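# Chain and residue survey
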There are 6 protein chains.
Amino acid sequence: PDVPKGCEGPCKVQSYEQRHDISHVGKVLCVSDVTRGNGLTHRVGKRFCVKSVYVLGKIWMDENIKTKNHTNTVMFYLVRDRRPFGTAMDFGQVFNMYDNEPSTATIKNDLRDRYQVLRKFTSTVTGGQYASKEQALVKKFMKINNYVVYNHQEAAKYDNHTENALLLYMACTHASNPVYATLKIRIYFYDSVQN
Amino acid sequence: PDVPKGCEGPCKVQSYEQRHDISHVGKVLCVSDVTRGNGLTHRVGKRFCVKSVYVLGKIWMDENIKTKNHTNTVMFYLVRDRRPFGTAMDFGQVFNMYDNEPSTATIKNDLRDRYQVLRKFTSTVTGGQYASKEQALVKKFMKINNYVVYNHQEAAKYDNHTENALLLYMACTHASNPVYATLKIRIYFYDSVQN
Amino acid sequence: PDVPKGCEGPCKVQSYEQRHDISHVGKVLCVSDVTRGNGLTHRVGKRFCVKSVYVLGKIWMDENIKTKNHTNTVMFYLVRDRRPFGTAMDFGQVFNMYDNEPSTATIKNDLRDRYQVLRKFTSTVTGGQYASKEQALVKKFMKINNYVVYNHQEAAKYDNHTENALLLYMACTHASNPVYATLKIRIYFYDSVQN
Amino acid sequence: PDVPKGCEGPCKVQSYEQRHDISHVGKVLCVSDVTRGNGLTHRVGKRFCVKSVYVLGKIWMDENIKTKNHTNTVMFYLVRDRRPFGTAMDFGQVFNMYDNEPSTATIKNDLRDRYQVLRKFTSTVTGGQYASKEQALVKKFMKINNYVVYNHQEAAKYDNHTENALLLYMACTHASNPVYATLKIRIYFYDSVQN
Amino acid sequence: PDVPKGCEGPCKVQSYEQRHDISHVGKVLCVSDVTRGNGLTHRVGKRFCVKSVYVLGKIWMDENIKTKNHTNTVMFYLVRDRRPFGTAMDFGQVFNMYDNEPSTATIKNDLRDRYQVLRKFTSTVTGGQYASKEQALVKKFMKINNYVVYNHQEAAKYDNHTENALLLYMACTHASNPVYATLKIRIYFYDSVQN
Amino acid sequence: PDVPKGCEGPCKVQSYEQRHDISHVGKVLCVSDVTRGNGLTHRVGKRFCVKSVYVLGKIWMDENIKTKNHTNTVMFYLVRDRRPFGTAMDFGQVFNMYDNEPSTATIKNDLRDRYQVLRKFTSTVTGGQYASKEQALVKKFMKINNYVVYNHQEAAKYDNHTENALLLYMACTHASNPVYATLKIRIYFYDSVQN
DNA sequence: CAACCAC
DNA sequence: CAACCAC
DNA sequence: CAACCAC
DNA sequence: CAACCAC
DNA sequence: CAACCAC
DNA sequence: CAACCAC
DNA sequence: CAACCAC
DNA sequence: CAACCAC
DNA sequence: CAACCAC
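Report on the accompanying structure. (Residues numbered from 1 in each chain as written, not as in the entry; some residues may be left out. Chains lettered and ligands numbered in written order. Part of a larger assembly, values for the part shown. Heavy atoms only, no water.)

### Description of the interface of chain F and chain C
Chain F puts 23 residues into the contact, and the matching count from chain C is 24 residues. Carbon and sulfur atoms supply 53% of the area buried between chain F and chain C, which totals about 1,900 Å² over both sides. For the salt bridge of C:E101 with F:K58, the shortest nitrogen-to-oxygen distance reads 3.8 Å. The tally of links from chain F across to chain C stands at 11 residue pairs in polar contact. (Contact = heavy atoms within 4.5 Å. Buried area = accessible area lost by both parts, 1.4 Å probe. Salt bridge = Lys/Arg side-chain N within 4 Å of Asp/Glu carboxyl O. Polar contact = N/O pair within 3.5 Å; in protein donor to acceptor, adjacent residues only side chain to side chain.)

Here it is in structure tokens:
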């Protein structure tokens, strides 16, 4: 039961260790960016299956910001988009929402067929002068059998793939002040035998 | 399994993206206000079936209000009236309650046959000078097999209704200060074949 | 047996009566174009199923061209793109081939996933000073259950298409002279019930 | 068992409330006149099935006429005509009869294949100086599963349909003086899925 | 096995030996014409069943025409109209087509219900100065159980026809020159027992 | 059903888009040539299975050649040699034949064991001053499970081949003039698991 | 069978 | 269980 | 699962 | 489900 | 069906 | 399948 | 099979 | 039952 | 059903 259908070989990892600075406008990153090559943690051919994503790390408030009394959450929309073209679209223009508000957000009407939300998961942080909740921990494993397809070329970029691009979209709920998110996004995949 | 009884065609959506300023008196809006027309997100006949309501968004406090130390829950009441007539009745004259208190709110004895509460749900928010819970995220998917009927005229209003009509009543529990609720109310409906 | 799966209603028709002047470079047209409306020969919803395409007409030479001793054939590639964006792509840039020769034509290696060749069918014409053959008849019915989607907006254009979309690509085999093609491309479809 | 075969959707009504002034020569009206459009009580496509006709109202004598001692009946021939062309033919020239007499009337020999009588129903009124029967009531429901076909255009006119036109033919039995008939003819129909 | 349903008697024949000079505009003839009478090759009743049509003969060029380097084909559309009225309609006004091109010909959208194409069968001829092909043979048997009706009167004319009626429509593909067609159109029928 | 026995992975493609100028002597090319590498369209191991060959393109005359009254045909012998050594052998020395006539061609008696003719398929062209036929289309798909081996080294050459190896041999039937052949020879293979 | 229309 | 690693 | 959209 | 009311 | 790519 | 030779 | 006519 | 509306 | 005509 370990390896999925249409794909074979050892379960290959790929990590995206990064400190993401989050805003109200919303940040994006492509989680299914795999370079091609003979090396370990590379894809072999143009086709592979991402079995599971493991998001883990911490969301936290800056030292000058944490004094100010407020609350903010981040949403973590893991969305698959079929038909990925050019640059990855911004959070604001993919998601329909009232007054640029991430809590009210759903996929736009025109491109609802294109993009689908696989997971969303709120993580909340509260500021305070005398008593803050500076940080909150993220530990979300998620099994999502997602088959992707690349071009003839290889550079682990959003442009280079042409099917089921997996995108992580983040957005801070509070409008004024930002928050940081130190995250390891770890994607687990297998190389496809099909085609 | 997808389409309800006596219904046809694609699952049409209708959205009510809005910032509602809530009070102790209570605010109302009809969630079934949909126009008749050939286009998408329009009804075709006078009858149609609402399958599910997806309320999602945020409830939040203003900057001058959040300093003042208090708590308030917003009560969301989803009611169906079997009989609409004229404009929609205010929260005070539908629900009976001690001293206009929405936590004690149930339907009046006279019009208990008329109005029925399908779902109710709360959302707490706490203000504070040095440490606050400024906001709370409302997310609520509610499935209800509700058949609604309209007049011959087609303008998407509570006046044009007949038989059932889905009303959302929102009320702040605290007396003096108000709160905002930035909400997307999304109704999912199908066009009817019956009569 | 008549209507396909997930679609309903009367078999609606659409036609493209037009004289297409062909070159070696390659002409294109989108056969799945159909505007939205309450009237006949219009899609109701954004989704619809094309069940069958009926190409019929004539491919013919001009009076000054036919006198010259040569032969030319037209290929007629009916292709479906699962990802339409903006303007319909040119023949030369979709099909890779030696020296832009349409008889040596297959889909490019990059976008082999996007474009699929549903049908090809040649039609041949021979021009000579005395021993001539001015014209040739085309009569090709071809059945394909093909579910195309549109944007929210209503206009018969390849821009507005989404998910599946049909494209007829025509290209003359001989380099240094053209041929005309008077063709009724007819298309038979049904309105979708799904989503 | 409600909706007939080959047709679907809500049962749509169409009414013809009118005061028909009847003569010996005979009056006609097309009962299956349905305009096409998105609106309520419109047809959707060119094809629909009339399930049932409900004729109701009153036949009555004028104030100066009712003094004169006589009797007259009206026949109410509900006839389907296949092959409707141009204007609707007059009662006198469709029906063969002795000396322009409606009581002796049957369909003409040439166009017996074209026209068929679905219903006839006599309604009788008697005049008198000192004691009249001024009026008589009509209440005739009639179930007649009749599939009709329209042109590409739409205006709810006899010319605009090309199959199974339903015509009501009235004719006063007494030669000299006329009678009035205030009638609601109400036709019940469903939109066709076939073709 | 021989005689069709609802008809009886000896298989009566009828023939139309005639040189039909063809154009680009389109020539027509009614093959179901047969006068009423006690003699042979006459219908007895107003109804009769045409069981089969046997078209045979030659399609040929003139001596001055054949010298010119060109090609032309004739279409031979055998159609049944279920509603005959007056004179037989012209080819151009029944079949819609781009620039009156008979190879791009199908029945008009308005009267698609009235006219049905039972058979089409092309016949091709190539004219040249030396490398010529003056003529081409036509030999097409085609079986169709077809119940036609007449008026009360007795004359082999399309005027007098009613219910089904057969029409052969002929049209030359090339525009600027004619072709001759010496054709025996033969038709085999039986007298109806029904009605 | 898709992948052959003893081989695995995605169906890798290889192409040979080239204008082959043909003579009476006989041109050759090795269609099984494929270099070793981690990239796409490369064999991984020394062994691999060619499942199918798709020849498509055009065979055509030059402008000065076509005017002369003659005919020529090309044979297209697809042969497998089970013993490749060095450079690919010439057409004349493999096939024995009277006066180097390629239509009278079969494998020599000495090396009948080595070479086997898998497919032959003619393509004919006729040149004339006025009554010409400049070109002819080739479209030949042909499926053969064919396990080829290589040397230790990595280069797409017949030298490096071992065990089975494919060779396309082309030869013009007419002696005193050439013909061009613009051909995409495409080949579909899978990497071997055995040994 | 022809090409959404009919026996 | 934790997260391609192992009992 | 998240929310009429796809796998 | 929310609470004697309806679907 | 066309030609490793898809319903 | 091509044409006594092979998978 | 040819084309209402026959073995 | 009355007439596309509902028990 | 209304009356040789059609569904």
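### Considering the environment of A:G57
Tracing the backbone through its elements, the reader meets A:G57 in strand β3 (residues 47-60). Setting aside residues no more than four positions away along its own chain, A:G57 makes contact with A:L137, A:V138, A:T182 and A:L183. (Helix = DSSP H or I, 4+ residues; strand = E, 2+ residues; numbered from the N terminus.)

### Some details on the pattern of salt bridges
Across all of its chains, the model carries 51 salt bridges over all chains by this definition. In this structure, the salt-bridge partner of C:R82 is A:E163, at a minimum N-O distance of 3.3 Å. Residue C:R82 is found in the loop between β5 (77-81) and α2 (91-94), and its partner A:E163 is found in strand β11 (residues 161-163); the two belong to separate chains. Looking at A:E163, the relative accessible area reads 10%, which means it is buried. Among the salt bridges present, the one from D:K12 reaches D:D191, with a minimum N-O distance of 2.8 Å. (Buried < 20%, exposed > 50% of the residue type's maximum accessible area, 1.4 Å probe, protein only.)

### A closer look at the protein's contact with DNA strand M
All names here are of chain E. Near DNA strand M you find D2, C11, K51, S52, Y54, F141, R186, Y188 and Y190, and these make up its full shell. Of everything in DNA strand M that lies within 4 Å of the protein, sugar and phosphate atoms constitute 32%. Taking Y54, its side chain carries an N or O atom lying 2.8 Å from a phosphate oxygen of DNA strand M. At 2.8 Å, a side-chain N or O of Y188 approaches a sugar or linking oxygen of DNA strand M. In the surface near DNA strand M, the residues fall into 5 nonpolar, 1 polar and 3 charged. (Near = heavy atom within 4 Å. Nonpolar A, V, L, I, M, F, W, Y, C, P; charged D, E, K, R; others polar.)

### Points about the packing of aromatic side chains
All chains considered together, the criterion is met by 66 aromatic pairs over all chains. Plain terms: the ring middles of C:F91 and C:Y169 are 6.0 Å apart, the flat faces sit at 40 degrees to each other, and that makes the pair tilted. Within this pair, whereas C:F91 is found in helix α2, its partner C:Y169 is found in strand β12 (residues 165-170), the two being separated by 78 residues in sequence. Among the aromatic residues, those joined into a cluster by ring pairs are A:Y77, A:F91, A:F95 and A:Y169. Positioned over the ring face of D:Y150 is D:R43, at 3.7 Å from the centre of the ring. (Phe/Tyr/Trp six-rings, centres within 6.5 Å; stacked < 30°, edge-to-face > 60°. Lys NZ or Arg CZ within 6 Å of the ring centre and 35° of its normal.)

### Notes on the environment of E:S15
Residue and element names in this part refer to chain E. Looking at the element boundaries, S15 is found in strand β1 (residues 7-22). On the accessibility criterion, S15 (26% relative accessible area) is partly exposed. Along the chain, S15 and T106 lie 91 residues apart, while their C-alpha atoms are 27 Å from each other. The residues touching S15, leaving out its near neighbours within four places in the chain, are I185 and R186. Separated by 3.0 Å, the side chains of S15 and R186 make a polar contact.

### Digging into the relation of the copies chain F and chain C
Each copy superposes on the other: chain F lies on chain C with an RMSD of 0.0 Å after a rotation of 72 degrees and an axial shift of 0.0 Å. Read as a symmetry element, the transformation amounts to a five-fold axis. Nearest to the rotation axis, the C-alpha of F:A131 is located 4.5 Å from it, this being the minimum over chain F. Little of the interface of chain F is mirrored in chain C, where only 17% of its interface residues are also at the interface. (Least-squares fit on C-alpha atoms.)

### Some points on the sheet that holds strand β10 (residues 135-150) of chain A
Residue and element names in this part refer to chain A. Taking strand neighbours across the sheet as the criterion, the 5 strands line up as β1-β13-β3-β10-β11 in an open arrangement whose pairing is antiparallel. Each of the sheet's edge strands pairs with one partner strand only, and the pair in question is β1 (7-22) and β11. Taken pair by pair, the neighbouring strands of this sheet meet at an average axis angle of 30 degrees, ignoring direction. In this sheet, strand β13 (residues 179-192) lies alongside β1 in antiparallel orientation, the contact comprising 13 bridges. (Pairing = 2+ DSSP bridges. Axes fitted to C-alpha atoms, helices over the stretch in contact; angles between N-to-C directions.)

### Things to note about the sheet that holds strand β12 (residues 165-170) of chain A
Each strand in a sheet pairs with another by means of backbone hydrogen bonds, the pair being arranged parallel or else antiparallel. Residue and element names in this part refer to chain A. If you trace the 4 strands from one edge of the open sheet to the other, you get β2-β12-β5-β8, paired in antiparallel fashion. Two strands close off the open sheet at either side, each with one partner strand: β2 (27-30) and β8 (115-119). If you compare each strand with its neighbour and ignore which way they point, the axes differ by 30 degrees on average. With 5 bridges connecting them, strand β5 (residues 77-81) and β12 associate as antiparallel partners. Among the inter-strand pairings, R80 is bridged to a residue of β12, identified as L166.

### Re the relation of the copies chain B and chain A
Note on the identical chains: chain B maps onto chain A by a rotation of 72 degrees and an axial translation of 0.0 Å, with an RMSD of 0.3 Å. Taken as a fraction of all interface residues of chain B, those also at the interface in chain A reach only 17%, which identifies the copy contact as different-surface.

### So, the interface of chain B and chain A
Taken residue by residue, the interface counts 24 residues in chain B and 24 residues in chain A. In total, about 1,900 Å² of surface goes out of reach between chain B and chain A, with carbon and sulfur atoms giving 51% of it. Area buried by chain B at its contact with chain A is led by B:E17, B:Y130 and B:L137, which between them contribute 27% of it. In this assembly, chain B and chain A are joined by 1 salt bridge.

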